[PDB]
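Trainee: sequence-free structure coming up:
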C-alpha cells in the first residue's frame, strides 16, 4: 500500500461525500473487514446509512484497479 493516493472519482450525484469520509471507510474496512456492521459503524460516523458506505467502498476499490476516463 503506497503512502497516500490522488486517484478519486465521484460515486454520487446529489449525496454529500468528501476526501475525509472515504479515508475513514478504507481505514476501518482494512482494520476490521468489509461487513454490514462495519458499514453501520462508518454509517453513524459519516452521517450515512450502511448502504451509502458499502457503495463508496466498492467505488474506491474499482478506482485503484481500473479508474478509466468517462
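Mentor: Here it is on my side, so go on. Numbers count the residues shown, from 1 in each chain.
Trainee: give the buried residues for stretch 2-18.
Mentor: 11, 17 (16 or more other CB atoms under 10 Å). To be clear about C-beta, it is placed using only N, CA and C from the backbone, and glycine gets the same treatment.
Trainee: please apply the same query to stretch 61-70.
Mentor: Within stretch 61-70, judged by 16+ other CB under 10 Å, the buried ones are residue 63.
Trainee: give the buried residues for the helix or strand containing residue 21.
Mentor: Assessed by DSSP states H and E, residue 21 sits inside helix 19-31. Residues 21-22, 25-26, 28-29 are the ones in helix 19-31 that count as buried (16+ other CB under 10 Å).
Trainee: just checking, what packs against it?
Mentor: helix 36-45, helix 50-65 (3 or more CB pairs under 8 Å, 6 or more residues apart in numbering; DSSP states H and E).
Trainee: closest to residue 2 among the buried residues of helix 19-31?
Mentor: residue 26 (12.7 Å; CB to CB).
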